[PDB]
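Peer 1: I would like to see how this sequence folds:
(chains A, B, C, D, E, F and G, ligands or ions: 22)
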Amino acid sequence: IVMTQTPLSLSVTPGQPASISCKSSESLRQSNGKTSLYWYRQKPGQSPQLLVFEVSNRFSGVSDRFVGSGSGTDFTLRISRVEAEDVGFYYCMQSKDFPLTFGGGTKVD
Amino acid sequence: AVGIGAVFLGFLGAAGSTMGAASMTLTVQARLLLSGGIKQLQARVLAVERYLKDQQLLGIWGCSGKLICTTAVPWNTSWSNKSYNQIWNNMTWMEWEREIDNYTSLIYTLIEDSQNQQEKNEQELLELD
Amino acid sequence: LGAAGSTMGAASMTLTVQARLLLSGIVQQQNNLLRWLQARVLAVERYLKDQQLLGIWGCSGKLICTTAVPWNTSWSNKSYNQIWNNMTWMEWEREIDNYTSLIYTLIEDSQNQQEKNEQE
Amino acid sequence: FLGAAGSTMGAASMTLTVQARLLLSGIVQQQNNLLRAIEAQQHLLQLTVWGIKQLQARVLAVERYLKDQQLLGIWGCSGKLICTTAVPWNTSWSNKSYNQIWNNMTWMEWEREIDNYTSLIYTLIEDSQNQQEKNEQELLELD
Amino acid sequence: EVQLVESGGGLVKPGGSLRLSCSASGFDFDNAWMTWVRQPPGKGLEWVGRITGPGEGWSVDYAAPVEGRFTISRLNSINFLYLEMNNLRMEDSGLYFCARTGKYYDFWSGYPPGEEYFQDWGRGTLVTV
Amino acid sequence: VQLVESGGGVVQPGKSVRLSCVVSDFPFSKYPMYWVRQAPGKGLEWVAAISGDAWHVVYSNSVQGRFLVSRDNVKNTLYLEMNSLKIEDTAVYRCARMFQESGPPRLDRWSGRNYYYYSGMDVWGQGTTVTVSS
Amino acid sequence: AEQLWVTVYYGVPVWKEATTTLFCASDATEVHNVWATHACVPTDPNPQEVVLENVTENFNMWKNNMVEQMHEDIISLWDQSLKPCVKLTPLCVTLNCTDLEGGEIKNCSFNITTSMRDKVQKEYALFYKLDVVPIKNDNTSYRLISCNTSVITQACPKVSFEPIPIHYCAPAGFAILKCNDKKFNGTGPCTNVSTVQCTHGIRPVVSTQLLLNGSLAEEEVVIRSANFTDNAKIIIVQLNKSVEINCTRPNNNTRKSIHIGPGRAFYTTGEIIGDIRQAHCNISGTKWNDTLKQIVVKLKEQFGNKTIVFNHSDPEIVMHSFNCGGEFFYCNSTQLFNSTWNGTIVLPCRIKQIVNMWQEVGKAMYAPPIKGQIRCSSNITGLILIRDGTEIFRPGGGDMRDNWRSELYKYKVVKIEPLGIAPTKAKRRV
Ligand SMILES: *[C@@H]1O[C@H](CO[C@@H]2O[C@@H](C)[C@@H](O)[C@@H](O)[C@@H]2O)[C@@H](O[C@@H]2O[C@H](CO)[C@@H](O[C@@H]3O[C@H](CO[C@H]4O[C@H](CO)[C@@H](O)[C@H](O)[C@@H]4O)[C@@H](O)[C@H](O[C@H]4O[C@H](CO)[C@@H](O[C@@H]5O[C@H](CO)[C@@H](O)[C@H](O)[C@H]5NC(C)=O)[C@H](O)[C@@H]4O[C@@H]4O[C@H](CO)[C@@H](O[C@@H]5O[C@H](CO)[C@H](O)[C@H](O)[C@H]5O)[C@H](O)[C@H]4NC(C)=O)[C@@H]3O)[C@H](O)[C@H]2NC(C)=O)[C@H](O)[C@H]1NC(C)=O
Ligand SMILES: *[C@@H]1O[C@H](CO[C@@H]2O[C@@H](C)[C@@H](O)[C@@H](O)[C@@H]2O)[C@@H](O[C@@H]2O[C@H](CO)[C@@H](O[C@@H]3O[C@H](CO[C@H]4O[C@H](CO[C@@H]5O[C@H](CO)[C@@H](O[C@@H]6O[C@H](CO)[C@H](O)[C@H](O)[C@H]6O)[C@H](O)[C@H]5NC(C)=O)[C@@H](O)[C@H](O)[C@@H]4O)[C@@H](O)[C@H](O[C@H]4O[C@H](CO)[C@@H](O)[C@H](O)[C@@H]4O)[C@@H]3O)[C@H](O)[C@H]2NC(C)=O)[C@H](O)[C@H]1NC(C)=O
Ligand SMILES: *[C@@H]1O[C@H](CO)[C@@H](O[C@@H]2O[C@H](CO)[C@@H](O[C@@H]3O[C@H](CO)[C@@H](O)[C@H](O)[C@@H]3O)[C@H](O)[C@H]2NC(C)=O)[C@H](O)[C@H]1NC(C)=O
Ligand SMILES: *[C@@H]1O[C@H](CO)[C@@H](O[C@@H]2O[C@H](CO)[C@@H](O)[C@H](O)[C@H]2NC(C)=O)[C@H](O)[C@H]1NC(C)=O
Ligand SMILES: *[C@@H]1O[C@H](CO)[C@@H](O[C@@H]2O[C@H](CO)[C@@H](O)[C@H](O)[C@H]2NC(C)=O)[C@H](O)[C@H]1NC(C)=O
Ligand SMILES: *[C@@H]1O[C@H](CO)[C@@H](O[C@@H]2O[C@H](CO)[C@@H](O)[C@H](O)[C@H]2NC(C)=O)[C@H](O)[C@H]1NC(C)=O
Ligand SMILES: *[C@@H]1O[C@H](CO)[C@@H](O[C@@H]2O[C@H](CO)[C@@H](O)[C@H](O)[C@H]2NC(C)=O)[C@H](O)[C@H]1NC(C)=O
Ligand SMILES: *[C@@H]1O[C@H](CO)[C@@H](O[C@@H]2O[C@H](CO)[C@@H](O)[C@H](O)[C@H]2NC(C)=O)[C@H](O)[C@H]1NC(C)=O
Ligand SMILES: *[C@@H]1O[C@H](CO)[C@@H](O[C@@H]2O[C@H](CO)[C@@H](O)[C@H](O)[C@H]2NC(C)=O)[C@H](O)[C@H]1NC(C)=O
Ligand SMILES: *[C@@H]1O[C@H](CO)[C@@H](O[C@@H]2O[C@H](CO)[C@@H](O)[C@H](O)[C@H]2NC(C)=O)[C@H](O)[C@H]1NC(C)=O
Ligand SMILES: *[C@@H]1O[C@H](CO[C@@H]2O[C@H](CO)[C@@H](O)[C@H](O)[C@H]2NC(C)=O)[C@@H](O)[C@H](O)[C@H]1NC(C)=O
Ligand SMILES: *[C@@H]1O[C@H](CO[C@@H]2O[C@@H](C)[C@@H](O)[C@@H](O)[C@@H]2O)[C@@H](O)[C@H](O)[C@H]1NC(C)=O
Ligand SMILES: *[C@@H]1O[C@H](CO)[C@@H](O)[C@H](O)[C@H]1NC(C)=O
Ligand SMILES: *[C@@H]1O[C@H](CO)[C@@H](O)[C@H](O)[C@H]1NC(C)=O
Ligand SMILES: *[C@@H]1O[C@H](CO)[C@@H](O)[C@H](O)[C@H]1NC(C)=O
Ligand SMILES: *[C@@H]1O[C@H](CO)[C@@H](O)[C@H](O)[C@H]1NC(C)=O
Ligand SMILES: *[C@@H]1O[C@H](CO)[C@@H](O)[C@H](O)[C@H]1NC(C)=O
Ligand SMILES: *[C@@H]1O[C@H](CO)[C@@H](O)[C@H](O)[C@H]1NC(C)=O
Ligand SMILES: *[C@@H]1O[C@H](CO)[C@@H](O)[C@H](O)[C@H]1NC(C)=O
Ligand SMILES: *[C@@H]1O[C@H](CO)[C@@H](O)[C@H](O)[C@H]1NC(C)=O
Ligand SMILES: *[C@@H]1O[C@H](CO)[C@@H](O)[C@H](O)[C@H]1NC(C)=O
Ligand SMILES: *[C@@H]1O[C@H](CO)[C@@H](O)[C@H](O)[C@H]1NC(C)=O
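Peer 2: Numbers count the residues shown, from 1 in each chain, chains lettered A, B, ... in the order given. Ligands and ions are numbered 1, 2, ... in the order given. See the structure here:
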């Protein structure tokens, strides 16, 4: 399947909310009752770290201002009051079936 | 995000195979025969009322709870001109139940009243000693 | 119902006919579904009550089976040929109807709950 | 009948000599009096909300009884309570030792231990034994 | 490597019932004779009863003050020993032990049925009546 | 926990090496693993996956048939062997654990076929790097 | 070692959690009651309750399916018994009302009734201020309240309204577990979990701001809710020491009939006899005062400072509401919410004859008048309270589903699955 995203560059400063959406060609809803889309972040020069696993739940060591939602095709990750250390990339990763692909990784300065 | 190939067998999976290969497969067609806006309920009784009948006929024949069993009713060669090893190695079941379709009523009467009725009056009177 | 006037040693030869036609009788309803089944479902439940009950009584499949339970003459002390070659089945049921459920626990326990403790 | 749900598996087999505490006997002493024909002394007087629900209640009393008899019926274990099989236990299913399963364990926790593996055991009884023994029995009648 | 763990002991009113269990490991439970022994408080060891093996028909023998009330049984499939106690009295209370039982008979000086000895014991489980 | 690799470096085309990822503390036979490939200045490419019982192996289409993966649940190791190397395989390899736990295979009743569930990743090893050149 | 073999045990004591469909059991006749519905399986006075030994089982009193199941069913029972009756569509006409405290009951005179086509019929009628609305275009001239709201449908007068206890029995093979901890929070685990086959009596009482005929918490006064420091999750006050109330309709209220449906007669107030005396209630002033202090002690174990304040909570949702003998009372309960903690109490009551639904949209039932004088007494055992965030407590709104959460708070539904396997040394000889 194909799954890209937008916008590639968001060169910002801290103090404002924004959002990053990832757009799906094949719709995602597995028969377990959940939509296997995994949002996470790398830093430059680093192996990445999990932001949220599901579009609903979060991970340990995560600020509360990291909210995500979406339909089976629309998918959206929203960052309220974008923090100063939000540099690097943001990959949208799906887990429908194989080969499970990624997005390009939205750069945020 | 799942998936592996076949392991044991499938539902109706032996229905193009021979008898000698389908005889080791009967449980999969045996399990799923029962489990699976009123018109669901009218299905949920016919699926029961067909199961009891096939259960009942095995009960009368002294053959309840077993998947296979034998009797003492002799096979009559008038029923089949097929040779023996053609049956157990070449013919499928779906073909086989078009060939003995006509004789089926004669068979079922000649199991009960022939033998398993007779194997109780003989059975009850093996006492007194 | 043909041997309903026979003695208890005589009506036993028609036990097969009574059992077969308990379920659905002859099949009515000749596929005429053209144009509302609780009575159909109950008849199966009457049937499955008894086959399970013969399953607990160690006596599935058979029609006549023995036991290890001796009789208790306080039920009815009427002796062997006083009834057997003298009485039908409607009257024997009208001698044991008060004691019916009392017989059923004793057949359950001392014949299969007993013989479960002989398996080893 | 759930009187030993806190007891252990090595001890609950003691009280299981009563017919699973007369398990099925509670059904026949129910459906003798569920089939009180006051339902037929009224024809329910109408079709009511309760009789819709009773109809959907008796079906589940029919079906889920049959799914437990059929599986006991196919396993060569029709009507018994404690039967052994020919299937070897695989240690990959549970690496618990002997006494911990019996002497030192409940039942419902042991369900969640092998609720994953349960379905594989179902096929590995039939196609391993009860499909299999019937052919080998029929060979022993060929002679 | 023999291990025996008694269980099931607890507080019970006079006249009540109770069921002690014993999980056996480390040896051949199946053909092993098993024995129940108790220790009343401030008193010594007391022989309760013993179940034999296959050759003896799983026969069981009982101490006089306990004969008729207590029942010893085994399920060899999971190597468990049991003690069914009914109609308990104050003096039924103590610490209950289970122990692997050996048979001894010297030919030239022996007298039938020789003697039984207790090679392996468990820690016991406390019965309070 | 601790999650690194070994055996990285630089080789020629047509060569063959095998890495070695080693886990630290979690029960390794319980979990499946993965392989991912971040090209320098590009996004990420999924590579491979093994089941927890080392029975199910799914490869990417581009590296299909060339590579090799395996497990050793006793030694708690994780191998990525590779064959028929090309210059565009020069990137960063990373060893990575599944986020969730996985169960045993499922065996649907209606068809005798097992099922190994596969979900995504949480713990990326920092990973080695293989370069294919002259 | 011994090669272990598989052994099938039938009758293992296991279960899971499940959902199901239930069925009534009435413990007792012409069958014309809305709730009781004597077309129902009769009970058994067998004591069937089986206690367990070692059980730790979490419950819940909000995410339990047994209470959502009633609210999709008791509205179905109450609407099957409403469909075959007469509609009141020609009644929504222009009224002409006058009065004979002030003028409350209204001598109204609407003047058509289409039993036929050519000859429409003038008509006498007697109404209430809780049922009529004014019109703005002329002199005093009224209309019913819910014309443009929904179809006003009369209930047939030969029905009944009494609560009769409805024993929910699970179907066969299922079971209902029941805890017996006196100090149970409503959502934790339990220790003594007993097993029954069919629950206790549940009176299907409909009321608002209180509970009538209830049940009894034992030995003390229990307060339960989920999210305490949220204002949202309503606290529920169950009681011991059943507080008695009398409520009455001190009038005579003869009824006439009006033929509007061709074979379907409309019933209204013919004429009152005696003196126009307002319906009210009586509460023992001593027991009520003693009861509220017992609540505050348990309140001060979850709000143990900033002391407890009672303040009273649109004619419908603010008023206390209940039924009395097939007659619906709206009572001003302002007096019982006055105090804080640092003879015969009379509460006035109003009478409305156009009730609404639970979702209160799409249907509007009209009560028929009842001849004679109505007396009813009942044990007040249940109180609904809401916090606001010193602490002030209002009674609360009208979410009728919360009634039965005070009556199913010990019950979950399981699935007995008595088949299971275990390994042992014994092999079947082939
Ligand atoms: C039967 O099968 C089912 C599945 O199949 C089902 O049934 C079939 C029939 C089918 O129908 C199928 O469709 C069904 O689904 C099996 O169920 C599975 O069970 C397992 C449990 O055995 C579940 O795994 C858990 O899942 C959670 C997340 O799942 C949530 O959501 C699901 C669904 O949404 C829920 O069901 C579930 O309950 C949860 O709510 C997962 O997060 C868990 O992993 C964490 O916990 C374990 C335990 O600690 C960790 O393991 C430890 O790891 C350390 C590290 O190496 C080792 O040292 C330890 O030895 C090891 N073990 C133990 C016991 O401790 C695990 O690593 C992870 O730990 C967290 O790790 C992160 C990252 O390191 C860490 O975060 C860090 O935090 C710090 C501080 O904040 C820093 O910030 C770091 O930077 C940061 O990274 C975090 O703190 C760690 N937390 C802890 C507590 O350690 C757990 O695996 C599984 O979800 C479930 N379902 C499925 C589909 O698989 C069932 O098991 C089968 N039955 C049997 C008997 O096998
Ligand atoms: C108790 O249960 C056990 C587990 O049950 C399992 O789980 C249950 C939940 C349920 O699903 C079960 O169905 C399931 O089985 C039972 O254990 C199973 O037993 C069977 C035997 O009947 C096993 O079947 C064998 O499978 C082997 C593997 O087949 C896979 O791999 C083949 C290729 O093999 C691969 O080769 C490459 C070569 O490079 C290896 O890579 C190397 O790996 C190294 C180590 O990591 C190193 O890293 C190197 O760098 C690397 O190159 C790779 O590791 C290797 N794969 C594996 C898994 O090792 C494929 O061709 C094949 O398609 C499949 O993908 C077979 O080799 C084997 O055949 C051999 O053995 C026969 C008998 O021994 C012999 O006659 C043959 O001639 C042949 O030599 C079997 O087919 C099965 O794997 C077991 N399950 C598991 C999970 O392991 C157990 O049986 C049961 N108990 C009882 C008493 O029955
Ligand atoms: C309000 O609650 C009280 C107490 O909870 C109820 O009193 C109890 O009512 C029941 C039946 O109404 C009584 O049972 C009956 O007792 C009489 C005694 O003579 C006996 O003859 C009957 O056969 C039956 O067993 C119960 O005894 C009684 N409790 C006491 C202490 O007297 C009261 O009925 C409730 N009233 C309302 C309107 O809810
Ligand atoms: C479908 O039919 C084919 C033949 O038409 C079966 O193949 C035979 O399988 C047996 C079993 O090993 C072999 O001995 C024969 O040599 C096979 N035939 C040929 C021509 O090679 C096949 O088994 C059938 N399918 C099933 C499920 O039984
Ligand atoms: C409503 O009823 C009143 C009462 O009868 C009607 O008012 C009467 O009108 C007649 C006609 O002129 C007078 O003779 C009476 O004196 C009036 N009585 C009163 C009390 O006002 C009135 O017409 C009716 N209709 C409406 C629309 O108000
Ligand atoms: C209420 O208003 C009605 C008017 O509809 C009054 O009914 C009239 O009563 C007199 C006798 O008192 C009759 O002669 C008239 O024919 C009636 N008019 C009607 C029925 O339209 C009635 O008196 C008023 N008062 C009460 C207490 O009912
Ligand atoms: C029922 O409620 C009453 C009223 O509160 C309880 O009686 C009082 O309980 C408190 C708290 O234990 C004591 O301080 C009082 O001394 C009790 N008596 C009086 C007269 O107020 C009673 O305990 C509750 N339970 C039962 C079973 O009656
Ligand atoms: C009970 O409700 C209160 C709200 O009054 C909860 O407290 C806050 O809830 C919000 C909701 O997300 C959180 O963002 C805050 O962090 C919470 N504050 C504190 C101090 O915890 C409280 O969490 C609720 N408790 C439960 C068990 O639901
Ligand atoms: C409410 O009405 C009931 C009548 O049902 C009153 O109960 C009577 O109370 C007197 C005491 O004044 C007793 O002597 C009678 O035996 C009671 N009779 C009955 C039938 O209960 C009750 O007093 C009234 N008031 C309150 C506050 O409950
Ligand atoms: C309940 O009754 C009380 C009686 O005091 C009402 O309170 C006051 O009633 C007088 C009428 O004499 C009004 O002028 C006041 O404005 C009322 N006070 C308040 C604070 O509103 C009260 O209105 C009644 N409430 C209901 C819902 O019937
Ligand atoms: C768990 O509950 C049981 C219930 O025992 C019943 O208690 C009521 C109290 O009024 C009494 O009237 C009954 O006769 C009792 N017996 C039966 C069979 O209903 C208690 O006996 C346990 O002690 C409780 N467990 C704990 C830990 O409190
Ligand atoms: C079994 O009972 C345990 C108490 O005794 C323990 O048993 C053995 C197996 C050892 O683990 C030893 O630590 C103790 O003597 C409980 O701790 C345990 O939770 C119970 N349940 C199990 C093992 O499933
Ligand atoms: C019925 O009565 C006749 C004469 O009384 C008798 O000969 C016959 O055998 C009876 N029927 C049976 C079944 O005994
Ligand atoms: C059954 O026999 C016993 C003696 O063994 C006797 O005590 C009992 O009264 C008899 N049963 C009945 C119902 O009389
Ligand atoms: C059978 O019973 C009847 C009943 O009166 C009696 O007349 C007849 O003599 C009996 N016959 C025998 C053989 O006992
Ligand atoms: C829990 O079960 C064990 C095992 O029989 C028993 O000792 C104990 O008394 C039980 N718990 C309670 C509270 O009775
Ligand atoms: C109803 O009242 C109006 C108002 O005066 C009048 O015009 C009309 O004729 C009346 N109709 C009948 C049928 O009384
Ligand atoms: C209409 O009747 C009402 C009721 O008395 C009165 O208040 C109003 O003044 C009347 N209209 C006129 C124009 O007099
Ligand atoms: C009730 O008690 C349990 C612990 O026994 C606790 O976890 C739970 O939160 C309590 N209930 C409430 C509503 O706080
Ligand atoms: C209610 O109380 C008042 C005075 O307190 C009294 O006049 C009236 O009769 C009482 N009514 C009832 C039904 O108790
Ligand atoms: C009020 O808070 C203080 C602070 O802990 C506490 O000591 C006191 O008991 C509280 N008051 C009540 C009535 O609980
Ligand atoms: C009750 O609530 C009203 C609402 O405005 C408020 O004004 C009043 O102060 C509160 N307290 C009392 C005692 O009325």
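Peer 1: if I look at residue F:12, how far off is residue G:303?
Peer 2: Look at residue F:12 and residue G:303: by C-beta to C-beta, to the nearest Å, they are 76 Å apart. Any C-beta I mention is one placed from the backbone N, CA and C, and that applies to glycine too.
Peer 1: for the closest residue in space to residue A:90 that isn't next to it in sequence, give me its contacts.
Peer 2: Nearest non-adjacent residue to residue A:90, counting by C-beta to C-beta, 6 or more residues apart in numbering or on different chains: residue A:106, 4.7 Å away. Residues in contact with residue A:106 (C-beta atoms under 8 Å, 6 or more residues apart in numbering or on different chains) are A:5, A:6, A:7, A:8, A:9, A:10, A:20, A:89, A:90.
Peer 1: how many residues are close by the last one?
Peer 2: The local packing count at residue A:90 equals 23, with neighbours defined by other C-beta atoms under 10 Å in any protein chain shown.
Peer 1: torsion angles phi and psi at it?
Peer 2: Residue A:90 adopts backbone torsions of phi -140, psi 110, taken as degrees, to the nearest 10.
Peer 1: please list the residues of chain B that sit near chain C.
Peer 2: Neighbours of chain C within chain B, by C-beta under 8 Å from any C-beta of the partner chain: B:42, B:45, B:48-49, B:52, B:56, B:59-60, B:62, B:64-65, B:112, B:117, B:120-121, B:124.
Peer 1: 7 Å instead?
Peer 2: Residues of chain B that fall close to chain C, judged by C-beta under 7 Å from any C-beta of the partner chain: B:45, B:48, B:49, B:52, B:56, B:59, B:62, B:64, B:117, B:120, B:124.
Peer 1: what's the local residue count around the closest residue to residue G:169 other than its chain neighbours?
Peer 2: Of all residues not flanking residue G:169 in the chain, residue G:198 sits nearest, at 3.6 Å (C-beta to C-beta, 6+ apart). In terms of burial, residue G:198 registers 19 neighbours under the definition other C-beta under 10 Å.
Peer 1: for residue G:198, give me its contacts.
Peer 2: By C-beta atoms under 7 Å, 6 or more residues apart in numbering or on different chains, the contact set of residue G:198 is G:25, G:167, G:168, G:169, G:170.
Peer 1: for the second one, which non-adjacent residue is spatially closest?
Peer 2: Closest residue to residue G:167 in three dimensions, ignoring its sequence neighbours and counting by C-beta to C-beta, 6+ apart: residue G:25, at 3.8 Å.
Peer 1: what's near enough to touch the one you found?
Peer 2: Contacts of residue G:25 (C-beta under 7 Å, 6+ apart): G:40, G:41, G:43, G:167, G:169, G:198.
Peer 1: rerun that using 6 Å as the cut-off
Peer 2: When contacts are counted by C-beta atoms under 6 Å, 6 or more residues apart in numbering or on different chains, residue G:25 touches G:41, G:43, G:167, G:169, G:198.
Peer 1: does the second one really touch residue G:28, like I thought?
Peer 2: No - between residue G:43 and residue G:28 no contact is recorded; they are 8.5 Å apart, counting by C-beta atoms under 6 Å.
Peer 1: which one's more surrounded, those two?
Peer 2: A side-by-side neighbour count of residue G:43 and residue G:28, using other C-beta under 10 Å, places residue G:43 first with 16 against 9.
Peer 1: re earlier: quick one: which of the residues of chain B next to chain C is nearest chain F?
Peer 2: Among these, residue B:48 lies closest to chain F (C-beta to the nearest C-beta), at 19.8 Å.
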